[PDB]
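Laid out below as structure tokens are two forms of one and the same protein chain, each shown alone and named structure 1 and structure 2.
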Structure 1
């Protein structure tokens, strides 16, 4: 009897599935659908098992949903723009376009060889004009809606205008809490307050914003930015000269060097005074370079005792320092050597004395609103999105500097046609490019994050040359049911995407306001890596510089316990010394990547898929090991052997039987079959792919145990049929192969087995 052999059968089925177009997505789903999306990769060459873990996950879900009868959209594309292609050009002296298309061909083959099936008709390549013309289109619509502006002097997207919705809409979002929390923390909603300071002898009252209203009684002076309209106006007669000069000198500088840590503290007393609303005390008004006009109201109240910058300023110019916050368990030192910036208890704050700091902010705000001295104001840490880039390989900003927007019908604004590779601001060295008539071209390209903030919508209508996409098509496929990928480092991408969707929704183009209904997070794939020799003495491990550098840690010494805790192990080398080994993120740089092409050629696709899928929960990190590979071989070998051994008998057997009439082991098998179907189905729907495989391994053992006592029976034949259907999503090639031994059509046409509720009883 022969044995399982991945070679030949896999290439056979891969072509079969493609030609049959089983995974082609309909233009408009009708009565349900499933949109399975995996984060598209940067076209940087051949992929390794780390990348394939995500793509395999997507293929499993897609095949499963397809078998259930859903209309499935599982597309692949390329995040082609960016620096990678540019660095390559400067290295190999090749056009970025050529390097990209070559890498695309390789990655595509790697995906195909793993048995991954996409609707390639919906392929997108971001570096193509057919795609980035729509980036420019969207950019104009944002400009037209006041969401895109220029500021000193690059372009920005007013994402902060959606800060509140980006935060609020998270509540109804069914994502992992850890991801939602990272979104919340990045946006950073904070409770603040705008306080009004009356100016002695003047009509004007100076507005000041602060997140520490709890320290109001400690405000000993005000500080206006030099560019503040009140700096010169309030400047006393015998101070206007000095102030005027300072203001001018301030402009000659930049906000970076003004807010630069280390520089000496400079400033000028305006000769004018303000009244502290809380104490009614008279405080001097100053102007200083460290205060910028762009933030808050361009003016701040200074609380030396609780803000280190104000402390240094007060100390340098001899300004009063008043303590109003203390630690709960001890009074502050006297005199004060530095500012105490942490929460505590309010003191020297009139009626607020003894009030806990955080709660005190609310009391003071509420107090200010009642007396009409100030109001609560919400602030966000989230800043606007800087999209301007001085690079060649990117989407050109559709703007002209006569600042006029390029006409919608004149789009796209194509990139210059080089002559040199070193020729790559890059757009500035192209006179025949920026030289145009007013309706000079902008010489900046868009941050590639712009490209990826809506690619999932383009997939719904990839060939539309009139709009980024037809609302009808997009609304039919959206939202994405499961977005697959690592999130640990995708805070921005997720935020930017949600932003784009909400904007496109405001334009009436998208029904939903949240692009990803579900996040299928994937942990990193690791691989045992040799970091170098070490020297051990007692419980201490000395790390030679080369070894320590590869590990990227500050310790030149580790305890045996530290080594264990990090998941490392000291292993004897033939060189006669011990080396420190440890699972490390699989990446080309680390030189620990397991390339798809080579592996599949030497082993197989199903073997790789099972190795990845069974290693651990998808959300957890996993280590690719030869042990896992052999375990995969063993499992596939046993499935093949079981069916091969009973092939002759199975052929002469009918699968028709009466469940109620089953007895003994036959009835026991029927029960186990359906319990397995339930576990596998629910594990798949819950994204617990490793446990689904475990259930299949367990049921395979039950099949072997059954055949010890019973022959090939109708119920057994049905169990084999169901098994192959349940196996298809995980190891599609072997499943399809064995299926054709007894059945005519493809597993894609067999559907998903129907669960028998009653069989689960008792």
Structure 2
């Protein structure tokens, strides 16, 4: 008897499904929008990417079989840093590189049996797409959400461009994890995402997202209870307003500090102090923003010779000016609480200012004298009627008290900063603005879009050296101001890649509209995404920016929903056993030579055998005569441990790869691609094929019609197991518990073998085989479709999803 052979059959069914267009989505839909994060065409796809994309295909096939109108699209996040950095590493032009990668990616996806509605394909680096990035940018400008500002920004020396706050990971560039980000002062473009901070925070509650992702966004937004407190100046009419997120420490404010540029610094300066103060103010203006915001420099300042009254204690406190207080932040003035702010502590210690504790540390009380500030929450003390109140709650109590007495007002702030979107790079969407010498910054008219990216052919030309490559192309920027008509200069910076990906899911609903980013009617019929699948690494990047874009577009009246992804599933990373290098073992201690330690990226030069076991590593004898340390590591190019689709599928097969991935572990967890896994997929698929082939002849001469109630013995038992399996598989699929759905099919397959030990091929058995192939389709579509055609005329896409028999479940 012949055995399962994936070789010719897979290509056959792949073409069949495409020609039939089973996965084509209607312009207007029950519907299911199954979306996976489109890739950066920066390289070849490996099984890691395929875990993400196979998961989407499984769900899309299942939903399509159930009769839902399914939208399952694919596209290319082809603009920005990912694509350009990769292309430039190999001295290749970004456009050539991108399209070659897209070609390869499409093949990798097709070879795995993944089906998309390719008629909705989008390529962000194309004018047909980015002209709408510009359209959206213009709307944000008009709505007060896009502005230009000068200030300190993050800068990656390797990328040679500024980066948004979300693109800085552990102080490192999101693309160059080995390069620390630097600070610079430049005038850039920002998207006022903070205007939506409260809604972004509040709307997380109804989302069917992993709690871990919600927590990351909440912490990134960082809402804080603060207050603006008023301090009366002795002998003067003015009451100095100060901003603080620690209103709970008010009774501990022993002095005030005004920014050198604050108007009151010179105005309140005593006559005999004016000279010294004026000298300090001028010296402060000579410093740069960076120098002023320095965090480890010496403490300097001058006593103005004026006093203020602490509104809570009614006590007199000195007023100083010091360059560590920034004029552009808050009110440009602060109340200093040395006992609970380390910077204030050091300033107070240096200039002999009072230090008063008002927040006591739970457990062991703070010592006297205080050697450093206590900045964590505690219990209020020496705070009048507030004594005994827990810090955080105390903030609210003090704010209410201040407002009631007219001594200040509550002020909520967010750690979240506005989104820096301009980049000094060539490969990206040109910002649709013009700079006129007379009018200032003027927007390009909507009807003039798109502002085409100049077609530069010299790669050395495109390479970023510090300024935007466009700054060297007058044929591009020299233009006329749309307002006055005189000579003007087009903006030379481009939009970051995340602008493109913040709404691509909406473009899929109307990929060819050349009058609007999309028609509200079409978008509203498909939105929101019912199930989004993608990596957690996007928690405060794409998964935050998108929510912002959608809320904005909703406010524009183009989108009914306010949340783009109703369901989100973050898939665990696929890992691969990776060789890190030789080691030497002596007793229970493993010595790691520098090269090996460096590749492992750990500070230990020595590990116990237990440490090796615990980190999931093992020592394997190597032909070089030494022991090497191997450990599963995230599958990626940089690691050189990628398992590419083309080669694997050629030597093994798509269903083998799909089962290996899907059965390895719960999808939310990480998994290690292994030979044992591959062999296990082979064993399972061979076992399915063998069961059907063994009974093929009898099955062909058997009818599938029978009366459930009339079944008895093993026949009745099989019918029950069949429906129990259908229930388990259906529910598991709906919850994306793909590994247990497969385990259920493996279990039922065992029941089929057991059944045949006692019973011949029967109508109920034929029906069990029919349902089995249907339930198998989402997972191993090629084999299921192949076996299905041995007995039936239509495709598995046309037979639908098996109907569950509730009664069969009883007892």
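We call the rigid core the largest set of C-alpha positions that still match within 1.5 Å between the two forms. Numbering follows the first chain given and starts at 1.
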item: Rigid-part rotation between the two structures - which of 173, 620, 377, 705 lies at its hinge; value: 377
item: Smaller rigid segment rotation relative to the larger between the two structures [°]; value: 11
item: Rigid core fit between the two structures: Cα deviation of residue 278 in angstrom; value: 2.1
item: Rigid core fit between the two structures: Cα deviation of residue 99 in angstrom; value: 1.1
item: Rigid core fit between the two structures: Cα deviation of residue 511 in angstrom; value: 0.2
